[PDB]
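A single chain, nothing else alongside it, follows as structure tokens in the form deposited in one PDB entry.
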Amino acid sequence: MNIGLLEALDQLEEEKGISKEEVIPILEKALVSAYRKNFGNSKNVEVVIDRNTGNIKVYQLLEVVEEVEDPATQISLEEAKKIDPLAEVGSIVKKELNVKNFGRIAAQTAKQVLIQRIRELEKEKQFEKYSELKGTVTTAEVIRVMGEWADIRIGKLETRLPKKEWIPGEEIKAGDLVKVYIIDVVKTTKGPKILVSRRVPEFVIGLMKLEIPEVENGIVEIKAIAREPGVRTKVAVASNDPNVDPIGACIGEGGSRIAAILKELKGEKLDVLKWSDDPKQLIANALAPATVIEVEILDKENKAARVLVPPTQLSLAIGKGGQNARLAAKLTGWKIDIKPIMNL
């Protein structure tokens, strides 16, 4: 490809919106560089791309002085006045330098520049797309794992998934494909950077949207959630469609859906329960497998209640380290106290 510089420039400013006035200058300076690292490094040269033809012009600069110390950089006022405009000591004087064999080189450095300009446009294009992924869950590939973070890959982009943000207790190794939640996408003065987490509660929601269509749809709504990453998540759902059972849509065909969810959560426990406008029933739904007999709303004001359960389900209702009641408490917003019936 000969010069053909104007060629691409016009095609680019129309194919990718990149202004040629932003490129010519960057290119002109790179050409001086190319001419130097290619031809001699003796002459102080300047390069100008003709805006009507794109033909590259190359001028040798010279200081018009009163001496002859360095012919290569200086010129008397008689050698100057002549060949060039009406100079004066301490002025500009550009001798054009007809010189072939540069056409080749110039083309290459032009290619480079155009590509670097494109990569920049592309970078601004990454931020556009990937911001649309904000608030969703997407699979990512773990490139490497270092102490406090793992470098993961999402599409053409790459970010860190800090260890502080992954499931407390989990292991992640290079080559792994882990799902992450996009908190936000930010424009960093070094490419767009996607903020991700597998610990945040929206992660569980994100997973549900994937494995469960009606949740992506809206046919099954997630009314409430409470998550203690690594240990347990309780999530309350409802169907905006009385034809679909919220729970059934979540458990899935032979339980393949919570199965996929649970696996992704490693050891984390997940409780899927029906939401209810009736606090007493909500609470009862939140105490998971324990069977509640009655909820005693001893404060319809400060949202506090007493729950009575069968003796043999007292510790089950409460849970290891009391995680069941605590999580049901966070999910409902009510303070709950569990008690065995008939026996103090």
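The term rigid core refers to the maximal set of C-alpha atoms that superpose within 1.5 Å between the two forms. Each residue number is its position in the shown sequence, starting from 1.
**Student:** Name the higher of the two by mean Cα B-factor in the PDB entry, 329 to 337 versus 10 to 18.
**Tutor:** The deposited B-factors put 10 to 18 ahead on the C-alpha mean.
**Student:** Which is higher on average in the deposited entry, the C-alpha temperature factors of 233 to 241 or of 121 to 129?
**Tutor:** Comparing 233 to 241 with 121 to 129, the higher average CA B-factor belongs to 121 to 129.
**Student:** Return the residue from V204, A80, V215, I258 that has the highest Cα B-factor in the entry.
**Tutor:** Max CA B-factor in the entry, restricted to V204, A80, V215, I258: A80.
**Student:** Could you tell me which one of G252, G169, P162, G155 shows the highest CA temperature factor in the PDB record?
**Tutor:** When the deposited C-alpha B-factors of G252, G169, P162, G155 are compared, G155 is largest.
**Student:** Could you tell me which third, lowest, middle or highest, the C-alpha B-factor of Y59 occupies within its chain?
**Tutor:** Its C-alpha B-factor belongs to the middle third of this chain's values.
**Student:** In terms of the chain's CA B-factor thirds, is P310 lowest, middle or highest?
**Tutor:** CA B-factor rank for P310: lowest third.
**Student:** In terms of the CA temperature factor given in the entry, to which third of its chain does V99 belong: lowest, middle or highest?
**Tutor:** Highest third.
**Student:** So where's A317 on the chain's Cα temperature factor ranking, which third?
**Tutor:** Bottom third by C-alpha B-factor.
**Student:** Using only modelled residues of the chain, where does the Cα B factor of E141 rank: lowest third, middle third or highest third?
**Tutor:** Ranked within chain, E141 CA B lands in the lowest tercile.
Not pictured, yet referred to below: the form deposited in another entry.
**Student:** Shifts of 2 Å or more at the CA atom, core superposed, between the shown form and the other one: which of the listed residues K274, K209, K125, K163 is the one?
**Tutor:** The answer here is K125.
**Student:** Establish whether a shift of 2 Å or more occurs at the C-alpha of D84 between the shown form and the other one, with the two forms superposed on the rigid core.
**Tutor:** Passes the 2 Å threshold, so yes.
**Student:** Is the shift of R104 between the shown form and the other one large enough to count as movement, that is, does its C-alpha move by 2 Å or more after the core is superposed?
**Tutor:** Yes; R104 is a residue whose C-alpha shifts (by 2 Å or more) between the shown form and the other one when the cores are overlaid.
**Student:** Has the Cα of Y59 moved 2 Å or more between the shown form and the other one, judged after a core fit?
**Tutor:** False for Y59: its C-alpha shift is below 2 Å.
**Student:** If the C-alpha spacing of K190 and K125 moves by 3 Å or more in the other form, is that a move closer or farther apart?
**Tutor:** Here the pair is farther apart than in the other form; there, closer.
**Student:** Can you tell whether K129 sits closer to or farther from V220 in the other form than it does here, judged by CA atoms, where the change is 3 Å or more?
**Tutor:** So the answer is farther.
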